[PDB]
Amino acid sequence: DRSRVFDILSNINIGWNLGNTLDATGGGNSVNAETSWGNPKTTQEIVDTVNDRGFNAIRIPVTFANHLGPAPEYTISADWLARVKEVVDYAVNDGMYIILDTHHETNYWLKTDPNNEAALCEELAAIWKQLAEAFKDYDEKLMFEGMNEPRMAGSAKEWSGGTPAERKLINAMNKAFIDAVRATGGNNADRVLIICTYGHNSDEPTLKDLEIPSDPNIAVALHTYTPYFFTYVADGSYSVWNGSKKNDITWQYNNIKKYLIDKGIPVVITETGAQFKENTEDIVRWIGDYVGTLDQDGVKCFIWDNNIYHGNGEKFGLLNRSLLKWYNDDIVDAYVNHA
Ligand SMILES: OC[C@H]1O[C@@H](O)[C@H](O)[C@@H](O)[C@@H]1O
Ligand SMILES: [Mg+2]
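Take 92 as the starting number for the sequence shown in PDB author numbering and just add one per residue.
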């Protein structure tokens, strides 16, 4: 009976990611990591703006690696832990639903070598112990997402759900995360804990190998930027959305239904979105078909927002943070008015 998790999640309209911010990896062991990829320092007003628009849930991606002391304690630098808490507190002040993750640990120590299971699980646990202790007294609207796209960067199946041995390591790492957090007690005894597949990938073999914990206060996170050739820029990509490719979404969603939804396991899409390709109308239609698909089973999503829109890079930006105005009100309306 996982119903408590379903009830909590039903309160989300739709979510938003503070992308390329606390997850950025420049600046070393410094709070300046936050601004190292060109975003401004986050403020209460940025977060208010997101909330006021209708994204009443926020994912706060955070990369810890360069702020950790040495093994085996892996102590999170006090400055960094305090800045992370300040940022979460912006959302708490506004009554938002919140996901805190670990993020580009995958550039650093989180490399899914099944022969290194103990060192990986131990680091993951040590980090989460400290985070769980710090946010112990936060209420049930704060959720923890243990890993982000855990994988072996550079490997052949990096983006296709890994190998069977790697999928088994992910199960062990998910378990370690849950264990470390539950052991701190307080509100962490039943806080929603969001585990993931390999690479947050949703292909059938990857779902099939996912161990479902007996803990009743968990959800499964996936990233479905689907279809890839619409949302990303690549050889074969297109900017037009007429519905002919809706079946890529449906087929993929049918496996999420088979292994998760129809087994009563809560699922959350913790990242999705479409890069802006001077195709407003197309993106508005894609959101209808993509989010319309998740709405059939009350599945919630969090849209990736890296504040890149006019400039070079992946143009997932929605809020112009420095002006506190939305880059594209029609795309944003389709998200916040999806229901
Ligand atoms: O351009 C903004 C940022 O996008 C990221 O995905 C890249 O890794 C960063 O190097 C880059 O600075
Ligand atoms: Mg309690």
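Quick reminder that beta carbons are idealized off the backbone N, C-alpha and C, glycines included.
> What do you reckon, are the CB atoms on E214 and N262 nearer than 8 Å?
Replying inline: no
>> Determine whether the beta carbon atoms of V122 and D192 lie at a separation below 8 Å.
In response: No, these two residues do not count as a Cβ contact at 8 Å.
>> What does DSSP give as the partner residue(s) for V359 in the beta ladder?
In response: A312 and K391
>> Which residues end up in the neighbourhood of ligand 1 when you take C-beta atoms closer than 5 Å to any of its heavy atoms?
In response: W128 and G404
> In terms of residues, what are the limits of the alpha helix (DSSP H) holding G106?
Replying inline: Counting along the chain, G106 falls outside any alpha helix (DSSP H), though it belongs to the beta strand (DSSP E) covering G106 to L109.
>> I believe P241 touches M264 by the beta-carbon criterion, under 8 Å. Please report the beta-carbon distance rounded to the nearest angstrom.
In response: 6 Å
>> Using the Cβ count rule (16 or more neighbours within 10 Å means buried), how would you classify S413?
In response: exposed
> Where does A274 fall in DSSP's three states?
Replying inline: coil
> Are there 16 or more other CB atoms within 10 angstroms of the CB of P152, so buried, or fewer, so exposed?
Replying inline: Burial call: buried.
> Is the CB-CB distance between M243 and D204 below 8 Å?
Replying inline: In contact: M243 and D204 (Cβ atoms closer than 8 Å).
>> Please report the straight-line C-alpha distance between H158 and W332, rounded to a whole angstrom.
In response: If I take the Cα positions, the gap works out to 42 Å.
> Taking the Cβ atom as the reference point for each residue, do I189 and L222 lie within a distance shorter than 8 Å?
Replying inline: The Cβ-Cβ distance between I189 and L222 does not fall below 8 Å.
> Can we count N278 as close to ligand 2, meaning its CB is less than 7 Å from some heavy atom?
Replying inline: yes
> Is it the case that the Cβ atoms of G106 and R174 are separated by a distance below 8 Å?
Replying inline: no
> What's the gap between the Cα of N292 and the Cα of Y229?
Replying inline: Distance between the alpha carbons of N292 and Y229 is about 30 Å.
>> Is any non-hydrogen atom of ligand 2 found closer than 7 Å to the C-beta of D281, if you look at the structure I gave you?
In response: yes
>> To test your reading of the DSSP string, which unbroken alpha helix (DSSP H) runs of 4 or more residues are found completely within the stretch 207 to 236?
In response: 208 to 225
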